[PDB]
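>>> Pasting an experimental structure with its sequence.
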2 protein chains.
Amino acid sequence: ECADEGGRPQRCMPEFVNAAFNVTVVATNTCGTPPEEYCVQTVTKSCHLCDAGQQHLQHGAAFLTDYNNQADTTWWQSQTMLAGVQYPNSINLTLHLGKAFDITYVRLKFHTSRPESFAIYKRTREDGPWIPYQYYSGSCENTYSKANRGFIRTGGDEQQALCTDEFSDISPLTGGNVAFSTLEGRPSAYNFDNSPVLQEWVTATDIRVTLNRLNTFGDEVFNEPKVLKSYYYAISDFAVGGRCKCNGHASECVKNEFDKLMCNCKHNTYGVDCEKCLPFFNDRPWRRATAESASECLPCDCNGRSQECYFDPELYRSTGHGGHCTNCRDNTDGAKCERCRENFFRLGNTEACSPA
Amino acid sequence: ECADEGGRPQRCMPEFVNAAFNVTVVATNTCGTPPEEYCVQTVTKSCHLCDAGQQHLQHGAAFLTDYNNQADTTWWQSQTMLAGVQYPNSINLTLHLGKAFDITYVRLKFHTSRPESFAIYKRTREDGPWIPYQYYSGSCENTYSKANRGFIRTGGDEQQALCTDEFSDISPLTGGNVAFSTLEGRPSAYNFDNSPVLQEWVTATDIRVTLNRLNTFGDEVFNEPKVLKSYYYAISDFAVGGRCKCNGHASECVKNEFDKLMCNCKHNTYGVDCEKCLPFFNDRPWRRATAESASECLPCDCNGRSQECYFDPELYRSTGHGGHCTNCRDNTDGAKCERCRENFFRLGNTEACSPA
Ligand SMILES: *[C@@H]1O[C@H](CO)[C@@H](O[C@@H]2O[C@H](CO)[C@@H](O[C@@H]3O[C@H](CO)[C@@H](O)[C@H](O)[C@@H]3O)[C@H](O)[C@H]2NC(C)=O)[C@H](O)[C@H]1NC(C)=O
Ligand SMILES: *[C@@H]1O[C@H](CO)[C@@H](O[C@@H]2O[C@H](CO)[C@@H](O[C@@H]3O[C@H](CO)[C@@H](O)[C@H](O)[C@@H]3O)[C@H](O)[C@H]2NC(C)=O)[C@H](O)[C@H]1NC(C)=O
Ligand SMILES: *[C@@H]1O[C@H](CO)[C@@H](O)[C@H](O)[C@H]1NC(C)=O
Ligand SMILES: *[C@@H]1O[C@H](CO)[C@@H](O)[C@H](O)[C@H]1NC(C)=O
Ligand SMILES: [Ca+2]
Ligand SMILES: [Ca+2]
């Protein structure tokens, strides 16, 4: 896993996944309460019923992160225009990953016409604020006060959210697929392994999609009931691929005693994301492991006297190592318990440095 | 001391000394009890008195290891022939060093005519038997059933005691000096640093000199009282040079709490003679430090979990190191506490490997 043939240490990481699967997404809007009528879009119009009570017509948020059977799908649906959605009213889908992940992409399978405008936000820590990841809209400048298909200029801020209309046309009344790719278009993505900026940009504990506006044909110009019952959001699969974040100090994440997902921190690191050196392993500062060298926390010396030490920066600057031992057993002094305390000596058979 | 410029470890040893100085030698015979009369040898004969009570005529064993003032001396004296000494009766002088030394030489300053025959024995450990170091006699074969001036043949037993008459002639009625040199004449003395045989041959906790026979002029052929009172043993200084044994793992010996002399064991060794690895430092076997490489006990790993380990030979054979850790704290397993016990993992913030 996190070590080579000879057994030397080396950078690792869990395998790529879709952190969404199983995760019960939360949506603000969900047709079915109370029962209402929707009508697929085309003439003709084969209308049906969104009903929460019956298991054959339910369309909860749940149908977003369940298995994807290309044969017959499962989707979540919004109340129809008639219920008062369209715009400015919006609908939200929040994916709670419960643990920081290194996100690569967020792809959506729309069971109806993709939205006219929608954005996709993320938090880097369950504390932190909702950050704009990407904006999709046929009216970027007007809807998101943002350029049509802006590109990130070199040198410029690698973390701004862009906007495009490329995915907002209605064209495919169904199967409308949308895919967000974090490092896509970031002038540094090549040097990613040494771009803290991007290394954080891909970081994410939670992801959110905001349906801001429905794409429309024009029929709803005159409040015809039968037409409104024809426009709504419907998603057949919410998939976000990336891999559990561990900084290259683990190759597998696992739920613990408290049922919260975490990293199996190798390289002598610990912490939820293996972002820190286990105490005692403070010979040098903690680092993300690269391909070049798989940074790993090195142990203190102490010579067995102390089982505890802190990281002394000055010591580190002077000598190569900076692991400073604390409270050395057997009246043995020194930065790494390597000497007898003044006026004490090592005298035969007795294990501890004894007085004069 | 026991480390070079850069501070790397290196072979050391206390400084050369005369382990005899101050040490109260013990002699079986000592004129003065009761008062008797001795007469220096030449005619004339200026006789005097050996008396225990008066401090101006006492000649205790003590005058053997006291400072040597070339101006006026101090010596220990035996009862005169008349008291019944000569031969076969012998007299003994036992130097108790109280701590194993690496002996180079034993030299004697005789205040009278050196003995006709005497040997010098040593023990390598206060337990062990009295071993013959050297034999001096004008009649080697007859007195010590040993060759006149035998030499050690190459390949042969490097530890046998030789004999010579070279120092038993009476010639100098006084100032007769005799010097024993351990490595002298030993075909291996050149390669000494890699000759356990010789390395032990020079080892010695105690030294003993045996006065077997007095050299005589012939006058005592007829029991004349005045002549017998003229023959006796008298030594002006007993000096044994060498250095406190520590195997090159110390550069100074010091008396401890119990007032018994010992080594200040560096190189991570301990024991009275630094002949063994402090527990925990069992990555490899203990060794005497040579000039080539200053063998030093290397520490076990354990990764801070255990503060105790034993030396596993098999481990040592398989991998370079063989320090095997015992009872690893924090349910952490492995030869050097480098892994979570089966069905246990390293999960964030918690220091110990916790269950599934
Ligand atoms: C659906 O997702 C969007 C995106 O986060 C949520 O909208 C956000 O809602 C909060 C509170 O309603 C807004 O915060 C407010 O910000 C303004 C100015 O920044 C400030 O004056 C307020 O004190 C407050 O902090 C946030 O701006 C807003 N984001 C955007 C761009 O609309 C929305 O709440 C989610 N669905 C829900 C729960 O309705
Ligand atoms: C002065 O130094 C000499 C040298 O050690 C002492 O002589 C040794 O004395 C012991 C006991 O008197 C002898 O041990 C005996 O050995 C024989 C055979 O090896 C054995 O039959 C006995 O059971 C016992 O073990 C030892 O041989 C002898 N050494 C020699 C070569 O004479 C002497 O005792 C010292 N001065 C004293 C205390 O009289
Ligand atoms: C959701 O969680 C349950 C229980 O942990 C699990 O059995 C189920 O497979 C999960 N659903 C998905 C989409 O994997
Ligand atoms: C003998 O021991 C005493 C007390 O330790 C010391 O003062 C004295 O100098 C010693 N004698 C010699 C010969 O050094
Ligand atoms: Ca689905
Ligand atoms: Ca003297």
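Done, it's in. Numbering: from 1, shown residues only, chains lettered A, B, ... in the order given. Ligands and ions are numbered 1, 2, ... in the order given.

>>> what's near enough to touch residue A:330?
Residues near residue A:330 by Cβ atoms under 8 Å, 6 or more residues apart in numbering or on different chains: A:305, A:351-353. Where C-beta positions appear, they are placed from N, C-alpha and C, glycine not excepted.

>>> cool, and residue A:22?
Shown in contact with residue A:22 (Cβ under 8 Å, 6+ apart): residue A:65.

>>> what kind of secondary structure is it in?
At residue A:22 the chain is in coil, as set by DSSP: H, G, I helix; E, B strand; the rest coil.

>>> how far away is the residue in chain A positioned nearest to ligand 4 from residue B:262?
Residue nearest to ligand 4 within chain A: residue A:356 (15.2 Å; Cβ to the nearest ligand atom). Residue A:356 sits at a distance of 12 Å from residue B:262 (criterion: Cβ to Cβ, to the nearest Å).

>>> ok, back up a step: if I read this right, the residue of chain A closest to ligand 4 contacts residue A:343, doesn't it?
Yes: Residue A:356 lies in contact with residue A:343 (Cβ atoms under 8 Å); the separation is 5.9 Å.

>>> Helices along chain A, start to end?
Assigned by DSSP state H, chain A shows helices spanning A:140-144, A:196-201, A:225-228, A:313-318.

>>> Find the residue closest to residue A:266 in space, skipping its chain neighbours.
Closest residue to residue A:266 apart from its sequence neighbours, by Cβ to Cβ, 6 or more residues apart in numbering or on different chains: residue A:2 at 4.2 Å.

>>> burial measure for the one you found, as a count.
For residue A:2, the neighbour count with other Cβ atoms under 10 Å in any protein chain shown is 22.

>>> Which residues are in contact with it?
Contacts of residue A:2 by Cβ under 8 Å, 6+ apart are A:9-12, A:249-251, A:266-267, A:294.

>>> CSV for those residues, including distance to residue A:89?
CSV is the format used below for the contacts of residue A:2 (distance: Cβ to Cβ, whole Å):
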residue, distance to residue A:89
A:9, 54
A:10, 52
A:11, 47
A:12, 46
A:249, 45
A:250, 43
A:251, 45
A:266, 49
A:267, 49
A:294, 50
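
>>> now, which of those lie within strands?
Among the contacts of residue A:2, none falls in strands (DSSP state E).

>>> most surrounded residue in these?
For those, neighbours were counted using other Cβ under 10 Å, and residue A:249 has the most, 32 neighbours in all.

>>> mind listing what the nearest residue to that one once chain neighbours are set aside touches?
Distances taken as Cβ to Cβ, 6+ apart place residue A:274 nearest to residue A:249, at 3.5 Å, with adjacent residues excluded. Counting by Cβ under 8 Å, 6+ apart, residue A:274 makes contact with A:246-247, A:249-250, A:263, A:265-267, B:348.

>>> what about residue A:246, neighbour count?
Here the number of neighbours of residue A:246 (other Cβ under 10 Å) works out to 32.

>>> I'd say it and residue A:273 touch.
Yes: using Cβ under 8 Å, residue A:246 is in contact with residue A:273, at 5.8 Å.

>>> any common contacting residues for these two?
Among the neighbours of residue A:246, those also in contact with residue A:273 (Cβ under 8 Å, 6+ apart) are residue A:263.

>>> Could you pull out the strands in the stretch 1-150 of chain A for me?
Listed in chain order, the strands of the stretch 1-150 of chain A (DSSP state E, counting those that start in this stretch) span residues A:17-18, A:26-27, A:36-39, A:47-50, A:76-77, A:91-110, A:117-123, A:131-137.

>>> What of the stretch 251-356 of chain A?
A:253-255, A:261-263, A:269-270, A:276-277, A:309-311, A:323-325, A:332-333, A:339-340, A:344-345, A:354-355.
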